[PDB]
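In case you want the letters, here they are:
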2 protein chains.
Amino acid sequence: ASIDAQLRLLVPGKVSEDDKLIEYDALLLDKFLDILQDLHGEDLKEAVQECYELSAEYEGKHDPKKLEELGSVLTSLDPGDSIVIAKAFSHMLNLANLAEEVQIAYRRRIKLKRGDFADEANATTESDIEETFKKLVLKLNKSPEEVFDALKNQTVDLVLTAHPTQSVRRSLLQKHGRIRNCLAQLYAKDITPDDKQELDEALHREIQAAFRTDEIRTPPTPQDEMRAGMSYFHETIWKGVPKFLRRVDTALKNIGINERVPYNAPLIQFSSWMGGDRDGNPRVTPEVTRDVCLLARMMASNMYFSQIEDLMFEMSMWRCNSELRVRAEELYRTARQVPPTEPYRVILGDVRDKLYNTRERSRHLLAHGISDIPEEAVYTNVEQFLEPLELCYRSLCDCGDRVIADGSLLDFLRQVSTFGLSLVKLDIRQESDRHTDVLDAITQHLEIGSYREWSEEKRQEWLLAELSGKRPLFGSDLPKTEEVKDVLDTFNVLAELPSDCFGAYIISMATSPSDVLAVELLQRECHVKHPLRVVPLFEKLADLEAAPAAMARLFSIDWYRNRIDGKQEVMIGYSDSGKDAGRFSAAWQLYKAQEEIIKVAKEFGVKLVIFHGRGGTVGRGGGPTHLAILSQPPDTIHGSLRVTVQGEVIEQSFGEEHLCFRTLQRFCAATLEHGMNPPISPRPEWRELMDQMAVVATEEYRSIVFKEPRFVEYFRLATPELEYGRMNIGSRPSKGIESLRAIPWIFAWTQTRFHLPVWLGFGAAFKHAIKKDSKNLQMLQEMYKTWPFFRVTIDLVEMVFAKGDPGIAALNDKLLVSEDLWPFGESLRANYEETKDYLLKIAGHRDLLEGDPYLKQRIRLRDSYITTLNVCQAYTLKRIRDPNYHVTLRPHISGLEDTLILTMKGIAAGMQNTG
Amino acid sequence: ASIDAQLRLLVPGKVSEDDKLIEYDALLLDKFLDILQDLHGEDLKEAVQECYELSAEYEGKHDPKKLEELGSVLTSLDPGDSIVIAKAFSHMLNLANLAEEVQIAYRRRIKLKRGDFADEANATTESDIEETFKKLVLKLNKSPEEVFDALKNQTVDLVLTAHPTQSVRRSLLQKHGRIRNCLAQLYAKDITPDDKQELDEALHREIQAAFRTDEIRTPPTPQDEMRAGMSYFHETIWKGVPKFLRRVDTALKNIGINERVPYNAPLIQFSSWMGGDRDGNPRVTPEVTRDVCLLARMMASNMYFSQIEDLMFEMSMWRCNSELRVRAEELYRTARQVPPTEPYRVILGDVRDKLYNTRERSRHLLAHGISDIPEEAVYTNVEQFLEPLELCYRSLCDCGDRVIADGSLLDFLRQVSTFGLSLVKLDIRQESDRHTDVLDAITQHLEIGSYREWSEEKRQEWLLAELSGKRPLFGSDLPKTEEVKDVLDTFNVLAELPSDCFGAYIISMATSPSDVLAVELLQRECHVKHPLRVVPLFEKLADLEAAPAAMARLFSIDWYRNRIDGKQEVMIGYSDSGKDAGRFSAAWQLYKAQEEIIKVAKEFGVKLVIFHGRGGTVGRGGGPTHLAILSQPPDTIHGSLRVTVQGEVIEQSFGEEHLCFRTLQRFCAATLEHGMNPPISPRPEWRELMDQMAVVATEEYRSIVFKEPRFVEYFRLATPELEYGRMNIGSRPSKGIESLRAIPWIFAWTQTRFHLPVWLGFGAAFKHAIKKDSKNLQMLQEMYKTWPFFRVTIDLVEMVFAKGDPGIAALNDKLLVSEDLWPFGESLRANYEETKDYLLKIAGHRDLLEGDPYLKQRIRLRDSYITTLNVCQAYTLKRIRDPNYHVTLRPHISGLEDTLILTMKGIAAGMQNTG
Ligand SMILES: N[C@@H](CC(=O)O)C(=O)O
Ligand SMILES: N[C@@H](CC(=O)O)C(=O)O
């Protein structure tokens, strides 16, 4: 009641019977405090309470003295007390996030709505799959048969990637899951009062179990990181896929199509980078890739094996067609155990043994390299596994029992067909220099010169000479650095392993046609019988500008064209390009890049798939992902969406089963709509203005980030990037700021609540547009109201500002940055304010997130917890870095490195996605 | 809407937001009809509809022409159409029962209540475990510590037995389960509208799946029947036990006891007869018993194996006491796979392998008699399995994490401790003649005479001479009939198998102390190292009268007394005794028998457990079971309830998880209360009247059932007992009416809706009480209002009359019984009416079940469906029995033996428990 009133003082809540977020947080906190008291004593609970209040008062008034009050309580803790408190706030934050998931899961959809594109920006107002169908028939004049057709031919490929600050352990998500479920159920109307006393107890227990699953730090092998990343299949994706496909079927009945999506239409696919991306990451070896492909194969076949047992129980029926009868009797005769009066079980029992075999073979190969289990007794292609299930389906329909075939059996065909034999196909990624090195080692060995030195024309001439050559390039004889051996051994792994383990070979830092032709040649020479498609990733602005020419050249080369069989994937990386030119300029350039590359594809009759890498507005998750997809340039999806699911977004997207369902839904709805309903194309005046604004934006960003000689120094002091690197959480930080990687660049500035990488340059751009011609404000405002790409671009920056607090960034300056650099920090904070102000005026908003109060509330509630972690972090950095700084310790109330790891992860759990 | 209005015409429904039964039936029927139409054509659906209406109109007005209208539609069906219709009505009946389960599961408990013993007769008003605790502290002056103590020392042993008309297949219960769950959920307030379209579809599908799981008839091996009987463990009992124990814990916190029931207090146990009872059943061989003990061991260890995997996921914690640390490091060193930083998982992984081993060993022995798996690598005693789990519990509590130990780990300790290594312990039962035969074979072989011929005194003298003898009785050399070999081989199975597989050896038709001493000797001579306790089952009235003397003698014999170690179980069988003297007389005799046997036990200082066999008021299930227990004679439970769970009641008791929980609850609540709050003891006037009424009751019943020379003839014509026997559904029917077994006797008369065995004799008794002295009516009425035993006895008979329809029994006469026997049937129907009338006047009721409208409604709703099956059955019996009877067939609209099997099972599914 006091806990609830202090929260409601912080948030002016709402009457909606939906809105219980604050109640959820009160309850969770109250239980958590009780637990703290039981485990660590009243005084420790009191201290946690004291710190929380101080944070609350700060998020209220923003009096900066409150940060120093909190500081003086935090700096006065022996390191054992400091760990327990940083762990409390970390856990309260996670709890807050779980409460949010429950709130979003059960919030009521809004019945009356305008049916304009703004509705698509929020879960509560966005279109579901039936609404999208109906919209397409009614407002775009499509026959249902046409909508059905588009949908059958559509793919959405979600690509899973490493969590930047380490993935949650599988057992911790299950606990989280149980906390959510207890929370949901304590407010259910369907369960009575005494059933609930036990839920209170179950919830209290589960909050404690999660708290005491807290071992710390050798951060984990890439194999271990991959396993943890794959957790969401068991948690929600495995059931969610069939569940969502069944909804599609209902939407279809409701617009007059009586059929179901064929079970083998590949509407949904998952891919993975985990153990495949080695770009600037030498822990990801050849052996690691070999491993994760075996683990994928193992996990998958373990899931099918376990599920088929349930299916077998259900399939008790005795009526079959003669085709199944024949097959059953054969298998029964090999009488090596069910009755023949249960024919479906005879077939499925045989499939079960193959699955078990497929699973042991994989485990053996992982543990030893050898299996006594022969490939003949195992599944090596997904069609071998589908065939007998197709036979069951047919047999049931033939006997008049389609309605039964359409239950669990149909769910299973869809699972098999969506997940295939692994659950995910692995992309490989490596940077083009590393290919050039391999090729230079070869040219020097052959005594024909230095490939590195050759011009792009000469490279091409030679690479095409070898790709039509009749003669192998090199052997094992070849003298290799370690790095060159690593690239070759990777290709050997691709040659040994089956082609259903893989998808794309992504070339980082791609710039030329030779970049792609080099990988094609290496694949062929390493004897990859079925080469992975090669996908260039264009990173720098200059690189995006030349991309279209590069693709024109590739497509005009007979060998490549033939090889590519009318399909090409190109990858873009928003964070990467933004690190080179600033976010605004990169946003515009990538809109144009996509138009231009699509144009070139059309001209050569090549189907082009744009693979969205991290940092884009489609990575946000939730409603915003819906409008983001709808806002893609015309024809840039054309039935194939490939998109990165950022690790810092996966829990929110897929952890809770309703949210998982809505994620799959919105990816399908928006893809289908876009291909038939592109957004409006910009007015010429808008394009002109965007070009002008980009030039200015880029000049601002670059002068600060690359031309200010003391910038890197400032960045290393104000920011924990050096300590992120040295306590490496994941990869490793540089390969100056050109050299630093995207993820560390975003993470450094997110941790100080300043977020420079997201907003810098927007201010110069808007300021200059408006001084040049006051009318530009109105145009900028009109662009916001009517151009989806622009709306969505501003919305993401607005959201990032909501997560911003220049107070916190000033505290880091004060504590960590030398006095000579303070005016620099201060000018950067002046830039923040100005940039924000312009963003607000363009959006027509007085405060941040006025258009999105549900998001506003969520963020404001987390901020109490994050803020404590930020203060703790700031003063801990001061203690680690400065031996001259000492501060008197309280007597014990219930290892600075440990505290810092804890705060870095917490602030990352709290900030989730930004840029 | 038309379907719903025709149902509501049949039942004057109610406003309660609870009461949705009629809606549930409308929905289920509407879907079912759609399915029938899809599978068999509009005309077949129409015919089913036509028959249902006719039945409806009959249950409305009771115009007997409607039965013949239905007859003429049913007799005019080719046998393929007849099968499909009998199957429709069978399925509609099952559906009705599923709807009932959902209605009972979610009906609201009544808050305001008198707190007299009548409240305990209904689920809605009965006391839960907290109410019972509070009652005992408040109204009986017990300290909570005393109540806690009684409860720790209490056992309830539920003994599972064969379904009399064949157990439902395991896969069919799961389907049933899913129909219930879809039904519940379609009315949930917590799930929104679109989620529901899919439930409609899921329910329609599941009603169809159940319908097409319908293979017919070699009725099943006893092994197969046992497996099907054990289904309820997976379905609800496995989780229900821990769930109910946790409730007990909450009830305890709420009366001020801060502890939990120790995990190893044996509050709940299950036993089994399946594969153990061979009394008049030679399909139950030695080998069958060997088998079911192995299957029990296998199923159990399979469940523990699968559950421990979940537990292992949860037990991620790293803090342990040193005792667990030591053990973990040992196991890890035998490094033959988890990290040692996860000590609970190292311990539980080792337990998992033992469980897997325990499970393979059992399977091998079942399939071959030999296992390569040694007994050393397996669990052979439940304490070996508990010990490491106890170690986990302790370690968690020591480290401050009791709250975590009290979750899943505690659930698991309770499961292990409740179920032990098998899930159920097997009782053996055999009739005493068969022992006498064995002993006569021995005495003749030894050339000392004929044990059969010896007097009871001589038997005892000899059996005690051999039980103190120093010299074995016989070898393999012994000349044996097949029957005598079968008894010896059974005892050899008990000698070979471990003693945790077994419980009681029940002697059917027990009458003398030598009966029990004979089995003790046989056990010892067959080298059963740990002999099963021997339990006499007294069946005839005369036998119940001499029971107390028999037990006095046994207890006064030093050898037996020493052997028995202060514990003896005696079994009673209500149906059995009722077959000898009529229900009323048996009810009274067994009240007195129990008083007398308890008295004798007290005198000798022996703890006496009464084992309730079938047919008693405690077998009803639901609320009535609660009052039944409370009505036992004083001191006859004394902390140990052993009771039969009749197969025809198991689904209702345990199929749905709420009902399962309430079943366990009420057995605990009522047992605990009774031991501290016996019912009032009868007034002398009441005892006198009961004795007078019994003498008369017995004379009526016996003169009709045993002394009427044409009775057996009448019974064989009016009743399908001959066809129950010959199409044997289970056992086999006789060993005249003395010879016939209880179950067939009850089943024959239930099938004609006449139920003679339950009510015959009550009429003579009441009539005579009242003519003797008109005041006796008032006393009889007072007994009903204030003596629980009497209330409960009348209530069961009242319920049976609600299931009665003398119209149906008249139709069977008309069709099947020769005209010369019609006045006999008619006098029996006059007796029915008169008996009913008296029962109503005694109860203060104008109509049947006026005290229990919820039960009234349930029964009236089933009756529509049953009635069709009854008509179908009657005319099918006429066709099978009379080649001279032929009746013209409709052209086909979409095997008489098959139709009959179907109707017999349906009517049994519909009638459930009677006597
Ligand atoms: N993912 C949310 C922000 C957050 O939940 O942190 C959004 O992009 O709006
Ligand atoms: N078992 C119920 C009757 C029934 O459901 O058939 C009772 O004894 O009241």
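Residues numbered from 1 in each chain as written, not as in the entry; some residues may be left out. Chains lettered and ligands numbered in written order. Part of a larger assembly, values for the part shown. Heavy atoms only, no water.

- As recorded in the PDB header, X-ray crystallography is the method behind this entry, and the stated resolution is 2.71 Å.

### A few points about the overall build of chain A
Now for step 1: Per the secondary structure count, chain A includes 40 helices and 8 strands.
Now for step 2: Against the 2.2 N^0.38 benchmark of 29 Å for 915 residues, chain A shows a C-alpha radius of gyration of 29 Å, consistent with a compact globule.
Now for step 3: On the principal axes, the C-alpha backbone points of chain A span a range of 80 × 80 × 60 Å.
Now for step 4: Of all 915 residues assigned to chain A, the portion counted as buried reaches 62%.
Now for step 5: With an accessible surface of roughly 35,600 Å², chain A has 51% of that area assigned to carbon and sulfur atoms.
Now for step 6: Charged side chains in chain A number 116 positive and 139 negative. The centres of these two groups are separated by 2 Å. (Helix = DSSP H or I, 4+ residues; strand = E, 2+ residues; numbered from the N terminus. Rg over C-alpha atoms; globule rule 2.2 N^0.38 Å. Buried < 20%, exposed > 50% of the residue type's maximum accessible area, 1.4 Å probe, protein only. Areas by Shrake-Rupley, 256 points an atom, 1.4 Å probe, with all protein chains shown as cover. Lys, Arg positive; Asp, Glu negative; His and termini not counted. Charge placed at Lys NZ, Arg CZ, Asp CG, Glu CD.)

### Let's talk about the sheet that holds strand β3 (residues 425–431) of chain A
Residues and elements named next belong to chain A.
Now for step 1: Reading around the barrel, the 8 strands line up as β1-β2-β3-β4-β5-β6-β7-β8 and close back on themselves, with parallel pairing between neighbours. Within the sheet, the average angular offset between the axes of one strand and its neighbour, ignoring direction, is 25 degrees.
Now for step 2: Judged from the 2 bridges that link them, strand β7 (residues 607–612) and strand β8 (residues 640–645) form a sheet pairing that is parallel. By the bridge assignment, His612 is partnered in β8 with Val643. (Pairing = 2+ DSSP bridges. Axes fitted to C-alpha atoms, helices over the stretch in contact; angles between N-to-C directions.)

### Comments concerning the side chain of B:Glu651
Now for step 1: Along the chain, the position of B:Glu651 falls in helix α27 (residues 650–654).
Now for step 2: With near-sequence residues (within four places) excluded, B:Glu651 lies in contact with B:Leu98, B:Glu101, B:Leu173, B:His176, B:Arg180, B:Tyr232 and B:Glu656. (Contact = heavy atoms within 4.5 Å.)

### Notes on the packing of helix α6 (residues 129–139) of chain A against helix α7 (residues 144–152) of chain A
All names here are of chain A.
Now for step 1: It is at 9 Å that the axes of α6 and α7 come closest, and there the two elements cross at 130 degrees. In this view, α6 runs oblique relative to α7, as classed from their interaxial angle. The way α6 lies across α7 gives a crossing that is right-handed. Within the contact between the two elements, α6 uses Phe133, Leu136 and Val137 and α7 uses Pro144, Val147 and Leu151. (Parallel < 35°, antiparallel > 145°, perpendicular 65-115°, else oblique. Left-handed = near helix turned anticlockwise from the far one by under 90°.)

### Points about the site of ligand 2
All names here are of chain B.
Now for step 1: Surveying the vicinity of ligand 2 reveals the residues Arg620, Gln652, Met799, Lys803, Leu855, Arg858, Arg862, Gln912 and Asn913.
Now for step 2: Between ligand 2 and the protein, one listed contact pairs an oxygen atom with a side-chain N or O atom of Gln652 at 3.2 Å.
Now for step 3: Contacts to ligand 2 include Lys803, whose side-chain N or O atom sits 2.6 Å from an oxygen atom.
Now for step 4: In the complex, 98% of the free accessible area of ligand 2, which totals 270 Å², lies under the protein chains.
Now for step 5: Considering every element that reaches the shell around ligand 2, the biggest residue donor is helix α39 (residues 853–881), with 3 residues.
Now for step 6: Considered class by class, the residues forming the shell around ligand 2 number 2 nonpolar, 3 polar and 4 charged. (Near = heavy atom within 4 Å. Polar contact = N/O pair within 3.5 Å; in protein donor to acceptor, adjacent residues only side chain to side chain. Nonpolar A, V, L, I, M, F, W, Y, C, P; charged D, E, K, R; others polar.)

### Things to note about the relation of the copies chain A and chain B
Now for step 1: The operation relating chain A to chain B is a screw motion whose rotation component is 180 degrees, with 0.0 Å of axial translation and a residual RMSD of 0.0 Å. What the superposition gives is, in effect, a two-fold axis relating one chain to the other. Residue A:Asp190 of chain A places its C-alpha closer to the rotation axis than any other residue of that unit, at 3.1 Å. (Least-squares fit on C-alpha atoms.)

### As for the environment of A:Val649
All names here are of chain A.
Now for step 1: Locating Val649 in the fold gives a position in the loop between β8 and α27 (650–654).
Now for step 2: C-alpha of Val649 to C-alpha of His527: the two residues are 122 residues apart in sequence and 38 Å apart in space.
Now for step 3: In this structure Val649 touches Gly619, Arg620 and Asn913, once residues within four positions along its chain are discounted.

### Looking at the environment of B:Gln307
Now for step 1: Note that B:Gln307 resides in helix α12 (residues 286–314).
Now for step 2: Those residues in contact with B:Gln307, other than ones at most four positions away along the chain, are B:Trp238, B:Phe412 and B:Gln415.

### Description of the pattern of salt bridges
Now for step 1: For the structure on display, the rule yields 142 salt bridges over all chains.
Now for step 2: A salt bridge links B:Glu309 to B:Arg352; its shortest N-O distance comes to 3.5 Å.
Now for step 3: On the basis of relative accessible area, B:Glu309 is assigned to the partly exposed category, the value being 33%.
Now for step 4: One network of salt bridges, with partners in common, ties together A:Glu201, A:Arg205, B:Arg246, B:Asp249, B:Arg260, B:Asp406, B:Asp411 and B:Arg414. (Salt bridge = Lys/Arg side-chain N within 4 Å of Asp/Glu carboxyl O.)

### Examining the interface of chain A and chain B
Now for step 1: Facing the 47 residues of chain A at the interface are 47 residues of chain B.
Now for step 2: Summed over both sides, the interface of chain A with chain B buries roughly 4,200 Å², with 39% coming from carbon and sulfur.
Now for step 3: Interface area lost by chain A to chain B is led by A:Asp190, A:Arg205 and A:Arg212, which between them contribute 15%.
Now for step 4: The interface formed by chain A and chain B includes 12 salt bridges.
Now for step 5: The residue B:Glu342 makes a salt bridge to A:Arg169 at a minimum N-O spacing of 3.1 Å.
Now for step 6: The tally of links from chain A across to chain B stands at 35 residue pairs in polar contact.
Now for step 7: Counting only elements with at least two residues in the side of chain A that touches chain B, the list comes to α8 (170–186), α9 (193–211), α11 (231–254), α12 (286–314) and α16 (402–405) of chain A.
Now for step 8: Tallying contributions element by element places α9(A) first for the side of chain A that touches chain B, with 9 residues.
Now for step 9: When grouped by side-chain class, the residues that make up the side of chain A that touches chain B number 9 nonpolar, 13 polar and 25 charged. (Buried area = accessible area lost by both parts, 1.4 Å probe.)

### As for the pairing of strand β3 (residues 425–431) of chain B
All names here are of chain B.
Now for step 1: Counting buried positions along β3 yields 6 of 7 residues, so the element is predominantly enclosed.
Now for step 2: Bridge count for strand β2 (residues 268–272) against β3 is 2 bridges, and the pairing is parallel. From the neighbouring strand, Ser271 faces β3, where its bridge partner is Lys425.
Now for step 3: When β3 meets strand β4 (residues 502–508), the two strands line up parallel, connected through 5 bridges.

### Notes on the domain arrangement of chain A
Interface size is commonly expressed as the accessible area that is lost once the parts come together.
All names here are of chain A.
Now for step 1: The assigned domain composition of chain A is domain 1 (1–118 + 163–218 + 684–915) and domain 2 (119–162 + 219–683).
Now for step 2: Spacing between the C-alpha centres of domain 1 and domain 2 amounts to 33 Å.
Now for step 3: If you look at the interface, domain 1 gives 75 residues, while domain 2 gives 69 residues.
Now for step 4: For the domain 1 face of the interface with domain 2, the top three residues by lost area are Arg109, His163 and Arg687, together amounting to 10%.
Now for step 5: The interface formed by domain 1 and domain 2 contains 11 salt bridges. (Domains from an automatic or database assignment.)

### With respect to the packing of helix α19 (residues 456–467) of chain B against helix α21 (residues 513–525) of chain B
All names here are of chain B.
Now for step 1: One can describe the packing of α19 onto α21 by two numbers: an axis separation of 10 Å at closest approach and a directional angle of 25 degrees. Comparing the axis directions of α19 and α21 gives the class roughly parallel. Here α19 and α21 pass one another in a crossing that is left-handed. Within the contact between the two elements, α19 uses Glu456, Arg459, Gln460, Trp462, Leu463, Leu464, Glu466 and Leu467 and α21 uses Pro513, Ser514, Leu517, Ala518, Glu520, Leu521 and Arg524.

### Looking at the sheet that holds β3(B)
All names here are of chain B.
Now for step 1: The 8 strands are arranged β1-β2-β3-β4-β5-β6-β7-β8 in a closed barrel whose pairing can be described as parallel. Going across the sheet, the axis of each strand differs from the next one's by a mean of 25 degrees, ignoring polarity.
Now for step 2: Where helix α11 (residues 231–254) meets the sheet, its contacts fall on β1 (155–160) and β2, and the angle it forms with β2 comes to roughly 155 degrees.
Now for step 3: Those strands touched by helix α25 (residues 583–603) are β6 (567–572) and β7 (607–612), and its axis lies near 155 degrees from that of β7.

### A few points about the site of ligand 1
Residue and element names in this part refer to chain A.
Now for step 1: Around ligand 1, the neighbouring residues are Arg620, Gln652, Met799, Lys803, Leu855, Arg858, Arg862, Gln912 and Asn913.
Now for step 2: Between an oxygen atom of ligand 1 and a side-chain N or O atom of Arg620, the distance comes to 2.7 Å.
Now for step 3: Between ligand 1 and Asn913 there is a distance of 2.7 Å, counted from a nitrogen atom to a side-chain nitrogen or oxygen.
Now for step 4: Notes on ligand 1: free accessible area 270 Å², of which the protein chains cover 98%.
Now for step 5: Broken down by element, the shell around ligand 1 gets its largest block of residues, 3 residues, from helix α39 (residues 853–881).

### Observations regarding the packing of aromatic side chains
Now for step 1: In this structure the tally under the stated criterion is 92 aromatic pairs over all chains.
Now for step 2: Centre to centre, the rings of B:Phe715 and B:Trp749 are 5.6 Å apart; their planes meet at 35 degrees, and the pair counts as tilted.
Now for step 3: For B:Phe715, a relative accessible area of 2% puts it in the buried group.
Now for step 4: Residue B:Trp749 is classed as buried on the basis of its relative accessible area of 2%.
Now for step 5: The positively charged end of A:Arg642 is found above the aromatic ring belonging to A:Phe611, 4.5 Å away from the centroid.
Now for step 6: Looking at B:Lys841, its charged tip hangs above the ring of B:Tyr838, at a distance of 4.1 Å from the centre. (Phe/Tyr/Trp six-rings, centres within 6.5 Å; stacked < 30°, edge-to-face > 60°. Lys NZ or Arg CZ within 6 Å of the ring centre and 35° of its normal.)

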